[PDB]
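Only one chain is shown below, in structure tokens, and it's the form deposited without ibuprofen.
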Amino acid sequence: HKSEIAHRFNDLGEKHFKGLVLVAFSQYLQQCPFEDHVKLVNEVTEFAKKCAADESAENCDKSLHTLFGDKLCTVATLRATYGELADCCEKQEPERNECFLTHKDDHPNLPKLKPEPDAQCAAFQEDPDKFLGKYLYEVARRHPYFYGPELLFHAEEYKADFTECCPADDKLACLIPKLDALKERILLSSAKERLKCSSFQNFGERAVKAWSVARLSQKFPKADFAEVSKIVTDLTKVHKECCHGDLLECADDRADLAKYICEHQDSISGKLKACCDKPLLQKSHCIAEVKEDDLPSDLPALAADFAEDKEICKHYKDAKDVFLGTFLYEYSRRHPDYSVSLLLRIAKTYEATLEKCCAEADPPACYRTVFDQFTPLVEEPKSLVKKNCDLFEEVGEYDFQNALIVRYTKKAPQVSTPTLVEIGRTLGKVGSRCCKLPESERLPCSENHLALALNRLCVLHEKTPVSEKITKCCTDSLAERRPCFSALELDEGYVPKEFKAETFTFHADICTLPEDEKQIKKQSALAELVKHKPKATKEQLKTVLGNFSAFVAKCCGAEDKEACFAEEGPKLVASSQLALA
């Protein structure tokens, strides 16, 4: 064709086109006001309509990156507000776009979105388009790698939540539990896409492919290797584009893939029926979240092709990519009770066993026991999960989170306290989510979600690097990342942080906060306790923190709260140092 922007506008439709352009620009330029981004969207949209009418018109030929990039580079106060991005604007494509992506900010530290039911219902009623658009903008700048089409889907949930609750009597009671739930899905979804983009960035397209082979094989065990390979190839390109900033392209290709999967759902999975009986946005989303299908009764025995066959070395040499891909496909569809990363470690061990064995005198005898090399790899994460769920079920989320904050602060005491607490708390929510599930679903859930949390830590560490041990675990191997982190002990070369009384001094500020914000304050103190006394046991730390909790409960119950904190605080601060030796 002649004009890409015209083609995108026509296939996607104006609503979704404007939505995706608003998202795209909000992510690149995280600090600009909403009303001003709206004007850039409208200008770009006007251009697209003009081109759609005459594709031969001047500039309609230009690439989407060129058109979007030229637009962002016209923004008022560019050099003052976005000093780093103005530099990018001196460059031509595709350099300019690479430069833009370097400077996306994964921790922009904007205000937390606290919902104001009455004021929001008021702004929703007068102008839904403006209100719904504002939601896209606020989430996108807060999550600069968020999946464009996914955010449009979640914008529709947000709209439905307000459509249900704003006519009702009690607005705040209808709405808050729904918004709190939507927010949990925003956090999860955001972390999932970021891991995909992080994998492209730090490990390449092969790693993303392999991850997707394993996962889609688990979900769609009925599908044959050609079908899984096809979907993976397509899905990889979708996410590559969404991660490279090609949001229109990302959306068009996502829709095509959804159509393909739904045309071939008898061949792919019996669970897709519900998903495929829906409009576009909802269809793609249901497929991405779809439950794993039942194991086929005709799954083939694998020992003959992958352990007993005497020409495996020739198969490995003559067709490395396809023989290994077939193995991962076959083993993954067979194991929905394994984590994706476990499956990837198992494939890596398979490859290594063949490398070793095929260079020796008698290869068949050597690789005969290849499947028995997987056994210890399965045991380690199963033990880790049984152990952590036992602890969670005994002590509950708060104490489990604390235990993890201690565990991780010891691994990396150079990391900032807000980061350690964020990560420890996220790691702790894995228990709440995964330990309740059917027992065969715990390992996949647990490890898959730990991967998301560890990627967050790694992403933060790229920006703010403090620890060579974290660097190594985050960059050496995507499959080995969780076991790498687990194997880290107390960093012995860390110099204990100097004591500062104010760090451990509480005040009546704390009493008025909601529960989770009080917890974060206490959990920050705990982190700092570990930094001061890194060799102190988790049992010593739990006791000391308990004594701080008791102190806070008492003085928040006091008639004179300030005097209580002032009399009692310093004694507790002094005594705490002696309890952590």
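Note that residue numbering begins at 1 and tracks the sequence as displayed.
Although it is not shown, the form solved in complex with ibuprofen is what the next lines describe.
Checked against ibuprofen in the entry with it bound, the residues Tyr408, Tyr145, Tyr82, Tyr367 give one hit for a heavy atom within 4.5 Å, which is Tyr408.
Residue-level contacts in the entry with it bound: of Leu172, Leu384, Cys166, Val75, one residue has a heavy atom within 4.5 Å of ibuprofen, and it is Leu384. Contact annotation for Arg425: none of its heavy atoms lies within 4.5 Å of ibuprofen in the entry with it bound. Looking at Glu90, you'd find every heavy atom of it more than 4.5 angstroms from ibuprofen in the entry with it bound. Among heavy atoms of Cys358, none comes within 4.5 Å of ibuprofen in the entry with it bound. In the entry with it bound, ibuprofen sits within 4.5 Å of a heavy atom of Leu450. In plain terms, the part of the chain that comes close to ibuprofen in the entry with it bound, with a heavy atom within 4.5 Å, is 451-459 out of 451-459, 504-512, 491-499, 297-305. Shown here without ibuprofen, the chain has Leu457, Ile470, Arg482, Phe485, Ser486 in 457-496 lying with a heavy atom within 4.5 Å of that partner in the entry with it bound.
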